[PDB]
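**Student:** Here it is: the structure, laid out below.
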Amino acid sequence: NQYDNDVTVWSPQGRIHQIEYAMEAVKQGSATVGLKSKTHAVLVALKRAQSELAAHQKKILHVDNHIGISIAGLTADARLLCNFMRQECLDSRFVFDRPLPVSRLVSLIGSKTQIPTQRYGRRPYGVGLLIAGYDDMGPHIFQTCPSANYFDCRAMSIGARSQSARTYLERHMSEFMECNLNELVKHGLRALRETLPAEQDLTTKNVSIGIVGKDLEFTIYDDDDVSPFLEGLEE
Amino acid sequence: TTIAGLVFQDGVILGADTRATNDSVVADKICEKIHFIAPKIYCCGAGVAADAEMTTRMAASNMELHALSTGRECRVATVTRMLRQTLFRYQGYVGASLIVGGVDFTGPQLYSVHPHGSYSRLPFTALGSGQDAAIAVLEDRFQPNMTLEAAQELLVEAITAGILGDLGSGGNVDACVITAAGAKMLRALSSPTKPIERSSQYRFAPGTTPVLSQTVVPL
Amino acid sequence: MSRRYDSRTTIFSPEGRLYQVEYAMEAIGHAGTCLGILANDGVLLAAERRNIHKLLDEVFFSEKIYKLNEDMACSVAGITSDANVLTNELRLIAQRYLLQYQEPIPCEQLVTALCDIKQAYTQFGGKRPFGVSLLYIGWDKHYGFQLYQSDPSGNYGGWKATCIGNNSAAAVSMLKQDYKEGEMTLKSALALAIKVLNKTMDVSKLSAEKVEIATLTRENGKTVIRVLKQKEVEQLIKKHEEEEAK
Amino acid sequence: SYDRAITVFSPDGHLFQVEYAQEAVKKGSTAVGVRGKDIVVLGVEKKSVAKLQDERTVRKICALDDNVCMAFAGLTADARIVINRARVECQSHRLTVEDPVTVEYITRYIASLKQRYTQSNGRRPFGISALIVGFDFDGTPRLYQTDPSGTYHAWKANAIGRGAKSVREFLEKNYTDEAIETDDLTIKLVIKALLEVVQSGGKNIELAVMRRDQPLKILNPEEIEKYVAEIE
Amino acid sequence: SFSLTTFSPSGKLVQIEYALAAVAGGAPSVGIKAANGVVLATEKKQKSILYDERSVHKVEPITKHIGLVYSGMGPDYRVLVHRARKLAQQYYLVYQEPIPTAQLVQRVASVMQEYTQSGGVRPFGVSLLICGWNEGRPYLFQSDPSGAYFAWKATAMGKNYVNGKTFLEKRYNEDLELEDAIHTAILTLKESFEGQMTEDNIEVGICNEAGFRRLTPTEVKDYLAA
Amino acid sequence: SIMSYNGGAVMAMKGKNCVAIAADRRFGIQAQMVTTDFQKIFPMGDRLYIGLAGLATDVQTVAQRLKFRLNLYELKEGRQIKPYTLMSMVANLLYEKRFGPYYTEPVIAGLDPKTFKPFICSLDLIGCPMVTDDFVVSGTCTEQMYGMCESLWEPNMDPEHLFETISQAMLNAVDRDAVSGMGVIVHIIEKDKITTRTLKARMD
Amino acid sequence: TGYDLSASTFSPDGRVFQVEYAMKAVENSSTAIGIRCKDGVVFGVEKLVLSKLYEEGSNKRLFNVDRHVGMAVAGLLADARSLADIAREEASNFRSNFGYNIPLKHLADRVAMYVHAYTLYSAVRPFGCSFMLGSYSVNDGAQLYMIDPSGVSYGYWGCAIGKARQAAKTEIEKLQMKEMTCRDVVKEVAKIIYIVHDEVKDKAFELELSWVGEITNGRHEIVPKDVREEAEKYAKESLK
Amino acid sequence: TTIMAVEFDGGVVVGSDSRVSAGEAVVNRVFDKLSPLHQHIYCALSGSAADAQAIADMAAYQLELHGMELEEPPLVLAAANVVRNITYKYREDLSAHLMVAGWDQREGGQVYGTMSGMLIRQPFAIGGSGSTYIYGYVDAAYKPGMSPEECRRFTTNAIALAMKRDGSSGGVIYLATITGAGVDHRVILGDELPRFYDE
Amino acid sequence: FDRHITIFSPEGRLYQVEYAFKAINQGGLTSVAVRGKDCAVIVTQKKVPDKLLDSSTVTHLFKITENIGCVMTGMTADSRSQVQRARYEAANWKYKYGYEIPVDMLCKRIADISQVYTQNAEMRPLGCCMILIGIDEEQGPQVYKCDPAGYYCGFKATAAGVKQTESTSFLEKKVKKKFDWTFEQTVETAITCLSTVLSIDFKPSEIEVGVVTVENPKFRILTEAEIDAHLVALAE
């Protein structure tokens with residue numbers, strides 16, 4: 001009714017509906033999934049094309065050698081945080097000559113996300129961010145929210161039709177830690193199967209992935225190297 | 001330029017001479033020095049001419065604002081914290097030198113302000129170019145809590161010793177007598193120069209000037 | 001903040017006009033009746049005083065008539081508060097002109113300078129517009145004797161004769177009928193103001209105290225402005241007093 | 001300060017504020033202009049004053065420079081700000097570049113202002129549409145029309161203000177190579193372009209002309225009647 | 001950051017129209033300019049006998065020769081005291097002379113004009129009577145919430161000003177002594193104010209050749225003989 | 001210094017009810033002379049004048065800001081400014097720019113706008129107001145102008161004496177100066193009118 | 001009525017509804033409790049398990065403001081993480097100025113200044129979380145204060161916040177917490193949370209405890225895994 | 001220009017000289033250089049007299065605003081930091097040098113040299129152009145664990161020795177002693193100054 | 001519309017300011033203060049909802065400066081805000097004018113801060129009334145009360161809260177008798193006032209009593225042990 005106009009107005013139940021609808025816009029778009037083992041972490045992003053003539057949108061944004069992120073939500077809203085996140089990672093190596101820790105970066109990104117919220121007139125960021133990274137303590141999977149909340153997860157699936165995907169992730173979570181880089185991609189791609197209906201399932205064309213590891217810097221694969229990753233797996 | 005001040009039992013008195021000079025010649029014979037702030041508080045400046053003038057007038061307006069706003073009469077210790085914070089902000093670049101004193105409900109208080117912004121409380125002081133000549137008589141001949149009329153003639157001897165001593169002190173000598181009951185100003189208090197006359201009388205009749213053009217503007 | 005209470009003057013009506021400006025012209029019509037006449041020998045200005053009471057004083061030179069500068073003057077009908085704002089801004093623009101060119105500002109230049117400031121608030125800023133309508137008189141080196149009328153929307157224009165405030169439709173109609181273009185001068189045309197001010201005022205027996213008259217004429221290379229003597233204006237009304245009988 | 005958006009979108013996509021701005025453009029007086037062969041001619045109707053106004057301030061045909069002049073139809077308020085700040089650009093362009101001003105260069109900077117005023121916070125779109133016309137290098141004339149929205153076009157013959165579409169119907173039908181052949185036929189076309197929207201107006205038509213190297217020249221009322229005398 | 005004052009369909013200013021409506025709902029105030037001085041009489045009404053009278057005064061001086069009274073919202077008048085006093089000191093800096101009455105009220109009313117224009121600020125709910133003495137000419141001015149200051153030989157405001165003006169249409173004559181003008185203003189407020197009439201409730205002050213001087217309750221008690 | 005760059009001088013005196021002002025017309029650059037037609041004295045309106053000397057730029061600059069702020073005071077109040085009040089304006093104007101000071105030595109003389117009452121004064125390069133009821137001299141020849149004035153000055157003299165007095169003052173004084181001379185403008189301020197004469201001096 | 005549309009608008013009954021809604025937003029948060037005793041101040045937090053996919057230690061509600069100052073929050077999590085950095089930058093500016101650790105009474109007062117500053121205007125909103133600030137020092141001892149959406153400091157011997165509040169506050173009043181020692185406080189803090197939460201809507205949870213006091217040598221420190229599970233086993237005696 | 005501070009068990013002792021000298025001609029020969037930062041906290045001015053007085057009031061303000069918020073006197077370490085943070089900030093345009101000493105209900109008597117804008121903790125500190133010649137006397141005479149009277153002995157004698165050699169130091173001594181009880185004041189007149197070897 | 005923000009009502013009122021007057025009244029605490037000959041006393045209701053709450057952690061008596069005490073009644077959110085802002089002023093007063101701020105100017109500056117809340121529509125009035133006490137060398141004991149509207153005046157006996165209407169009546173009954181002004185016997189009058197209104201006989205921890213005297217210009221808070229002495233032992 002009259003409580004949905006802006007962020008500052010609180011509902012009589014103590015809820016901000018603009019932040020609530022900010023989480024709704026994240027469910028309105030492509031579903032991405034990511035997971036981490038004791039060594040390697042993989043981010044599986046689902047690329048979607050509006051038509052067959054138009055190509056697939058880019059859901060992966062390269063951050064640094066040790067850090068990468070996938071975006072689910074309003075498309076262009078991630079561009080502002082992208083150039084900011086890249087600038088923060090460069091400033092870390094520009095001063096400390098050291099890559100910024102993964103947990104410290106997300107804490108700084110969650111700060112810039114929360115600042116415009118309480119201040120009237122500034123629109124909250126309506127895109128969700130699934131970011132991964134590797135450090136001396138191993139890989140990390142950090143899922144964020146438009147409310148600026150961010151967690152630490154072994155595996156997480158966000159977006160539309162992520163219900164059956166999360167159920168698959170929970171039962172197989174015990175394997176996600178002990179599997180090697182090859183098996184992480186396999187079960188990671190089969191987790192993306194539940195995010196789409198029974199007609200269109202998965203192809204190497206519309207599905208891209210990225211990986212980070214112990215001695216391996218974050219890389220991005222789209223079609224060529226992804227074809228042997230998908231094939232050889234039962235669904 | 002030499003100004004002086006002193007503290008007596010019931011109040012303070014600030015002495016000054018009348019002569020202002022452009023550091024080569026005498027600019028004015030009768031030029032006044034002592035300024036006005038409050039009914040119970042008057043001040044006198046020294047050092048740079050205009051820097052002392054504007055500084056006292058800018059502080060005198062804030063005293064009237066504080067007076068009427070509080071409904072209470074002005075305080076003497078309040079004056080200095082206005083002055084120095086304005087002068088110290090300029091870091092002594094302003095050559096204004098001020099000897100400030102007055103009477104409040106607490107009692108007689110006589111301060112002094114150097115161009116760098118320093119302040120000190122004391123019964124008597126003198127500043128200016130010829131200060132050291134006038135400070136001598138003041139430091140030597142002062143007694144604690146002297147009689148009012150005894151301190152008046154003491155100030156007359158003070159600046160008089162600074163007149164012959166310095167090339168910047170001359171003309172007449174006036175003082176400002178401020179008391180706990182009220183304030184008073186004495187003009188033409190000391191007239192050391194008696195030779196103001198003219199020997200030869202010269203009356204130049206019209207026509208001795210080679211007139212060229214003439215025009216008149218009516219009103 | 002509370003956009004609920006924001007009137008947004010910059011919004012156009014569905015008829016393609018401004019809300020505040022349209023209501024500003026009506027507020028001017030409620031003000032007193034003021035007229036002006038541009039003649040050969042100079043400019044003529046007369047203004048009614050709608051304030052009538054036995055306790056009034058008016059220690060100033062005039063109520064609705066002000067002096068802009070040496071060579072120019074003005075009248076006012078509208079909100080009395082916003083008039084002092086425009087009067088000060090006219091005195092600022094005219095004197096800042098004297099800095100650069102060291103010459104008196106022409107009549108047309110000073111008028112168009114404030115009208116840009118008037119409508120600047122209707123263009124942006126969110127602040128309410130001005131409800132003041134001003135008449136302009138004076139002399140310049142080129143165009144000479146000039147008479148100008150301004151509008152709250154910022155629009156203006158030259159006028160040989162005009163009227164502002166109450167009774168605008170009746171006065172201007174009565175003005176044109178007997179108005180002599182480039183012919184009837186101060187002396188004669190001064191009788192028209194008294195004749196018009198008596199018709200515009202609904203209360204009969206027009207009083208010299210209820211009206212005010214000021215003229216500006218440059219003579220012998222010097223601009224002369226004065227407020228006419230009420231004792232003489234009474235005799236100037238005594239003329240109109242004997243006009244209906246003879 | 002005052003910071004908020006003024007012009008916002010609609011469920012059908014059209015702009016409420018901008019359409020009401022162009023509505024006030026049509027509510028103004030009818031102004032016309034054409035691009036002649038060797039010259040340019042502007043004209044605008046005059047609402048008939050009764051034995052009062054002075055024509056110095058009322059004149060709606062101005063000149064931004066010796067090369068380029070302009071006319072406007074709409075609210076007289078916003079017209080004077082554009083004329084002033086465009087003349088500043090004309091002198092600023094000559095200050096920056098020794099070469100004279102270009103009609104296309106000055107025109108775009110004008111309409112660009114109205115685009116800024118539309119998308120700026122707290123500003124307002126103007127209710128004016130101006131015809132920018134002048135001479136380019138080698139003597140090639142150019143006629144451009146502005147828009148409150150900030151776009152600008154090129155026109156061989158143009159009409160603005162009230163009944164702009166009505167006169168445009170007379171334009172497109174009666175504009176041929178026979179039009180704007182000579183300085184006389186160019187002026188007579190501007191008069192006839194003002195004869196459709198005129199109701200018992202008569203002498204109210206005022207005209208202006210710019211001839212080659214010379215700057216904008218105002219035709220005297222008797223010189224106007226000379227070309228108006230021929231109708232039938 | 002937006003001005004809430006807009007033009008009514010009749011042309012009136014709605015925010016300022018209700019500004020004077022708050023002024024008329026306050027304590028009555030009157031003034032008279034006669035002979036060599038100007039008198040200002042106000043009525044101070046407390047809510048009980050537990051409030052100190054001499055603590056806060058309605059009549060306040062601005063400069064030596066100028067003083068002001070008010071009827072309306074109390075706190076809104078305290079803002080004008082600081083701005084009027086500070087303006088007079090900025091005057092004394094430039095011209096080194098006491099401020100005239102006409103110059104003061106002009107720029108003081110300009111503060112009223114600014115807050116009826118600049119956004120995010122409500123107009124004032126006060127109306128002030130201006131008393132000043134300059135170059136042998138008595139000055140009695142009346143200011144409103146809109147910022148329009150007029151000239152009055154005598155005036156009434158606050159509550160029951162209609163009956164107050166009626167008294168000034170008769171009781172006020174010319175060549176009237178300042179002392180008789182004070183008792184005349186008391187007769188004007190005789191009908192308005194009811195209950196117990198004391199010297200503490202009424203607050204009177206004057207300005208003359210000697211300057212603006214506020215009257216003490218002891219002196220007022222002698223002026224209550226009528 | 002820069003005060004001696006353009007040279008020039010301004011002199012003003014007071015009679016009984018009247019005051020007098022005179023100044024040299026010379027305008028030049030250092031040793032080189034340019035033109036003798038320069039005007040160092042500007043009218044301030046009825047019964048008031050102001051002189052200026054020193055750097056010729058600030059003479060044509062500061063004096064232009066006068067009538068700027070003067071008219072604003074003459075438009076708001078329906079009276080002319082007092083010469084005692086005008087002195088505070090110039091002293092305040094020089095102390096807004098005090099930090100990088102203008103170069104000039106103002107001279108103010110006139111009458112009480114109220115009636116006949118005369119008043120005179122002068123200011124300083126740094127803006128210090130100085131009230132002297134006898135005479136004021138300013139310029140590069142200053143030290144030479146003193147002895148002439150103080151010897152021939154008298155408290156009360158009719159306009160007839162003030163004619164020859166300040167004339168003979170200027171003449172012999174300005175002689176010994178290299179950078180001042182070549183024409184003199186004299187202004188005499190009476191109650192009901194104003195007398196302005198031109199003096200014949202050596203061209204040198 | 002439209003009187004609740006803004007915090008700058010007062011109710012005709014003289015109330016502020018927007019700030020009251022922020023307190024109702026805290027009522028949606030999970031239950032968190034804290035207790036102070038002679039040895040130090042003991043913290044506890046109920047950590048709800050939304051899904052098994054969360055890593056151990058994720059959704060940490062224990063924030064470290066400074067060396068001697070810990071904090072536990074109940075409300076919107078990001079609003080607490082944003083203010084946590086504000087408190088850290090504030091305590092850092094204190095030591096950079098006066099050269100020592102800010103006391104709890106001084107820090108909780110300046111944070112309340114920032115909390116209430118957002119309740120004053122219409123251009124911002126109040127914090128949707130109510131938090132507790134503990135501290136320990138040899139100069140003071142165990143100290144515990146509480147800040148609310150209105151930005152007011154409340155000292156407590158023991159306290160409860162979150163959804164279930166009044167029920168946990170009464171259980172704390174039934175036993176004197178000042179005589180007991182931090183070693184025995186974590187036993188009761190664990191027993192209370194088991195009594196507070198039952199399985200109706202939420203499924204499972206875990207106990208998050210924090211230590212500040214003499215046992216931690218005057219430094220904010222999380223509970224070790226060995227002692228935490230030991231205190232939970234003693235708390236499982238009430239469950240069995 | 002001579003200032004001195006000595007630490008002992010219950011508190012500290014701060015001496016000063018009354019001569020304010022600029023050039024070879026004394027400006028003001030009688031002045032009290034002790035400027036209170038607070039009831040229980042004082043400072044010792046040195047260097048340029050005018051520039052040092054401004055820092056004292058700017059410090060006494062920032063300290064007073066922080067004092068009433070906690071309703072307790074700030075730590076002596078907090079006083080030296082405020083003096084240092086103000087000094088080091090403006091130290092390029094201010095040649096003033098200060099000496100901070102005080103007592104608190106926790107640490108006790110402390111002395112922190114702020115000279116030039118640095119910070120140091122010393123049992124005794126000296127400063128000014130007159131203290132340049134007392135480095136020899138302070139080492140042999142000073143011994144720890146002296147009573148306030150025994151400290152004032154070592155304090156007054158070192159200052160009475162200072163003002164003899166220095167031309168810019170002279171006048172009378174102003175003493176301040178802050179203990180748990182309160183503040184004490186002693187003024188040593190020129191004739192009351194202990195006299196040393198003049199030959 | 002006029003009932004929400006601060007704008008002039010058609011009757012001349014201000015509803016945003018008046019709804020604040022009900023907000024001070026909404027706090028559920030009644031405060032009284034009486035100005036005596038040699039002293040000024042403040043007695044307010046000290047409420048402790050739960051035993052887990054602590055005494056010294058919640059107090060209604062604040063110190064603006066050493067010689068000026070402050071008591072607050074309303075929603076505590078606005079209580080602490082003004083006191084910090086007042087301490088930014090009273091301290092600033094000494095940095096400029098160099099002496100302890102008088103009670104006259106302290107109430108004037110705090111009012112001006114509250115006057116901007118009413119004039120500026122961006123901000124809101126504060127929901128706590130402020131009663132400032134102190135002493136000066138001329139007028140002696142000073143007692144003022146500043147409303148959120150910005151008005152303040154010298155009050156011989158002032159009251160606030162829900163019982164303010166009944167509290168003012170009993171304060172009039174004591175002054176109507178020309179009650180002899182002495183220090184502790186006046187402290188009774190302020191305590192007996194709240195005691196007779198609510199008909200309770202409060203415990204020593206249920207009230208908070210501040211004091212200021214000519215002998216002690218520094219503000220003091222009466223000890224709860226001394227409160228018990230003058231409640232039980234002297235009810236007379």
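Residue numbering restarts at 1 in every chain; chains get A, B, ... in the order shown in the structure tokens, and ligands count up from 1 in that same order.
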DSSP says strand (DSSP E or B) for which residues of stretch 116-188 of chain B? Put them as a ChimeraX atom specification?
**Tutor:** /B:119,125-128,173-179,183-188
**Student:** Go ahead and save the picked residues with N, CA, C and O atoms, as a compact mmCIF listing (two decimals), in the first residue's frame.
**Tutor:**
```txt
# COMPACT_ATOMS: atom_id res chain seq x y z
N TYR B 119 49.63 37.77 25.22
CA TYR B 119 48.86 38.54 26.17
C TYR B 119 49.38 38.28 27.57
O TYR B 119 49.77 37.16 27.92
N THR B 125 52.02 49.07 31.78
CA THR B 125 52.86 48.76 30.63
C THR B 125 52.82 49.92 29.66
O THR B 125 51.95 50.79 29.74
N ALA B 126 53.79 49.92 28.74
CA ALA B 126 53.84 50.90 27.66
C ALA B 126 54.39 50.22 26.41
O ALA B 126 55.27 49.37 26.50
N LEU B 127 53.84 50.60 25.25
CA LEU B 127 54.30 50.05 23.99
C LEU B 127 54.60 51.15 22.98
O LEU B 127 54.51 52.34 23.31
N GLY B 128 54.93 50.78 21.75
CA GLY B 128 55.30 51.72 20.72
C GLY B 128 56.80 51.70 20.45
O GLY B 128 57.55 50.89 20.99
N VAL B 173 49.52 65.31 24.95
CA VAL B 173 49.38 64.05 25.67
C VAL B 173 48.02 64.02 26.35
O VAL B 173 47.69 64.92 27.13
N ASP B 174 47.24 62.98 26.06
CA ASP B 174 45.92 62.80 26.65
C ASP B 174 45.84 61.43 27.31
O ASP B 174 46.63 60.52 27.02
N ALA B 175 44.88 61.28 28.21
CA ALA B 175 44.70 60.02 28.93
C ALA B 175 43.21 59.74 29.09
O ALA B 175 42.38 60.64 28.99
N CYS B 176 42.90 58.47 29.33
CA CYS B 176 41.53 58.02 29.55
C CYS B 176 41.43 57.45 30.96
O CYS B 176 42.11 56.47 31.29
N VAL B 177 40.58 58.05 31.78
CA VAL B 177 40.41 57.66 33.17
C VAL B 177 39.14 56.83 33.27
O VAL B 177 38.03 57.34 33.08
N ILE B 178 39.30 55.54 33.57
CA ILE B 178 38.19 54.61 33.72
C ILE B 178 38.11 54.19 35.18
O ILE B 178 39.10 53.75 35.76
N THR B 179 36.92 54.32 35.76
CA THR B 179 36.68 54.00 37.15
C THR B 179 35.55 52.98 37.27
O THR B 179 34.81 52.74 36.32
N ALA B 183 33.26 55.92 33.27
CA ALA B 183 34.42 56.21 32.44
C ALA B 183 34.49 57.70 32.14
O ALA B 183 33.47 58.39 32.13
N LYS B 184 35.70 58.17 31.88
CA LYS B 184 35.93 59.59 31.61
C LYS B 184 37.12 59.72 30.67
O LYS B 184 38.06 58.93 30.72
N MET B 185 37.06 60.74 29.81
CA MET B 185 38.12 61.02 28.86
C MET B 185 38.62 62.44 29.04
O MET B 185 37.83 63.39 29.08
N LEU B 186 39.94 62.59 29.17
CA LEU B 186 40.58 63.88 29.36
C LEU B 186 41.34 64.25 28.10
O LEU B 186 42.30 63.58 27.73
N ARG B 187 40.90 65.32 27.44
CA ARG B 187 41.55 65.83 26.24
C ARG B 187 42.33 67.09 26.58
O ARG B 187 41.92 67.87 27.46
N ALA B 188 43.45 67.29 25.89
CA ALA B 188 44.37 68.39 26.16
C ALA B 188 44.89 68.35 27.59
O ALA B 188 44.96 69.38 28.27
```
**Student:** List the spatial neighbours of residue I:228 as an NGL selection string - criterion: any atom at most 9 Å away, only C-alpha atoms, same-chain residues fewer than 5 positions off excluded.
**Tutor:** :I and (203-205 or 223 or 233)
**Student:** Per residue of chain G within 12 Å of chain A, note the shortest atom pair and the distance in Å to one decimal, counting only C-alpha atoms, and order the rows by chain and increasing residue number, as CSV.
**Tutor:**
```
residue,atom,partner,partner_atom,distance
G:1,CA,A:2,CA,10.9
G:2,CA,A:2,CA,8.4
G:3,CA,A:2,CA,11.2
G:4,CA,A:9,CA,8.5
G:5,CA,A:9,CA,6.6
G:6,CA,A:9,CA,6.5
G:7,CA,A:9,CA,8.1
G:8,CA,A:9,CA,11.2
G:9,CA,A:9,CA,11.9
G:16,CA,A:10,CA,11.7
G:17,CA,A:12,CA,8.4
G:18,CA,A:10,CA,6.0
G:19,CA,A:10,CA,8.5
G:20,CA,A:14,CA,8.5
G:21,CA,A:14,CA,4.9
G:22,CA,A:14,CA,5.7
G:23,CA,A:14,CA,7.4
G:24,CA,A:14,CA,5.0
G:25,CA,A:14,CA,3.8
G:26,CA,A:14,CA,7.6
G:27,CA,A:14,CA,8.1
G:28,CA,A:14,CA,7.7
G:29,CA,A:14,CA,10.3
G:50,CA,A:151,CA,11.5
G:51,CA,A:170,CA,7.9
G:52,CA,A:170,CA,6.1
G:53,CA,A:154,CA,5.7
G:54,CA,A:153,CA,4.4
G:55,CA,A:153,CA,4.9
G:56,CA,A:152,CA,8.4
G:57,CA,A:152,CA,8.1
G:58,CA,A:152,CA,5.1
G:59,CA,A:151,CA,5.6
G:60,CA,A:151,CA,8.6
G:61,CA,A:151,CA,11.2
G:75,CA,A:14,CA,10.1
G:76,CA,A:149,CA,8.6
G:77,CA,A:149,CA,6.4
G:78,CA,A:149,CA,5.1
G:79,CA,A:114,CA,7.3
G:80,CA,A:149,CA,10.0
G:81,CA,A:111,CA,7.8
G:82,CA,A:111,CA,6.0
G:83,CA,A:111,CA,9.5
G:84,CA,A:111,CA,10.2
G:85,CA,A:111,CA,8.4
G:86,CA,A:111,CA,10.3
G:115,CA,A:118,CA,11.9
G:118,CA,A:118,CA,8.8
G:119,CA,A:8,CA,10.4
G:121,CA,A:119,CA,10.5
G:122,CA,A:8,CA,8.1
G:123,CA,A:120,CA,5.2
G:124,CA,A:119,CA,4.8
G:125,CA,A:8,CA,4.8
G:126,CA,A:118,CA,7.8
G:127,CA,A:118,CA,8.3
G:128,CA,A:14,CA,8.0
G:129,CA,A:14,CA,10.6
G:149,CA,A:14,CA,11.7
```
**Student:** For residue D:144, list every protein, DNA or RNA residue within 6 Å, evaluated using only C-alpha atoms, and leave out those in the same chain fewer than 3 positions away; present the list as a PyMOL selection string.
**Tutor:** chain D and resi 131-132+153-155
**Student:** Restrict the selected residues to N, CA and C atoms and save them as a short mmCIF file (atom, residue, chain, number, x, y, z; two decimals), in the first residue's frame.
**Tutor:**
```cif
data_model
loop_
_atom_site.label_atom_id
_atom_site.label_comp_id
_atom_site.auth_asym_id
_atom_site.auth_seq_id
_atom_site.Cartn_x
_atom_site.Cartn_y
_atom_site.Cartn_z
N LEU D 131 14.16 29.40 -34.91
CA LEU D 131 14.65 29.18 -36.27
C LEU D 131 16.01 29.85 -36.39
N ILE D 132 17.06 29.04 -36.49
CA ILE D 132 18.42 29.55 -36.64
C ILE D 132 18.77 29.56 -38.12
N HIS D 153 16.80 20.32 -36.79
CA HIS D 153 16.61 19.85 -38.15
C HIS D 153 17.15 20.87 -39.14
N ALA D 154 16.99 20.55 -40.42
CA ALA D 154 17.29 21.46 -41.52
C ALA D 154 16.05 21.64 -42.37
N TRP D 155 15.75 22.89 -42.73
CA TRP D 155 14.53 23.21 -43.45
C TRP D 155 14.83 24.21 -44.55
#
```
**Student:** Go ahead and compute the interatomic distance for atom CA of residue G:94 and atom CA of residue H:37, in Å to one decimal.
**Tutor:**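 Pair atom CA of residue G:94 / atom CA of residue H:37 returns 19.3 Å.
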**Student:** So the first atom is atom CA of residue A:65 and the second is atom CA of residue A:34; what is the distance between them in Å, to one decimal place?
**Tutor:** 17.5 Å
**Student:** Using only C-alpha atoms, find the one residue out of G:159, G:74, G:42, G:168 that sits nearest to residue G:130.
**Tutor:**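 The closest residue to residue G:130 is G:74.
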**Student:** When you count only C-alpha atoms, which of these residues is closest to chain H: G:220, G:201, G:240, G:106?
**Tutor:**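 Nearest to chain H: G:106.
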**Student:** If we count only C-alpha atoms, what is near residue D:166 at a cut-off of 8 Å, once residues fewer than 3 positions away on the same chain are taken out, given as an MDAnalysis selection string?
**Tutor:** chainID D and resid 163 169:170 196:197
**Student:** Keeping C-alpha atoms, export the residues of the selection given above as a PDB file, in the first residue's frame.
**Tutor:**
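And here is the file that came out, selection08.pdb:
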```
ATOM      1  CA  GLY D 163      -0.961  27.193 -37.164  1.00  0.00           C
ATOM      2  CA  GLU D 169       0.461  22.703 -45.719  1.00  0.00           C
ATOM      3  CA  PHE D 170       0.702  25.908 -47.757  1.00  0.00           C
ATOM      4  CA  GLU D 196      -3.364  32.023 -43.955  1.00  0.00           C
ATOM      5  CA  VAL D 197      -3.244  32.488 -40.173  1.00  0.00           C
TER       6      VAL D 197
END
```
**Student:** What's around stretch 230-233 of chain C at 10 Å? Count only C-alpha atoms, leave out sequence neighbours fewer than 5 positions away in its own chain, and write the answer as a list in words.
**Tutor:** residues 190, 191, 194, 207, 208, 209, 211, 212, 213, 238 and 239 of chain C
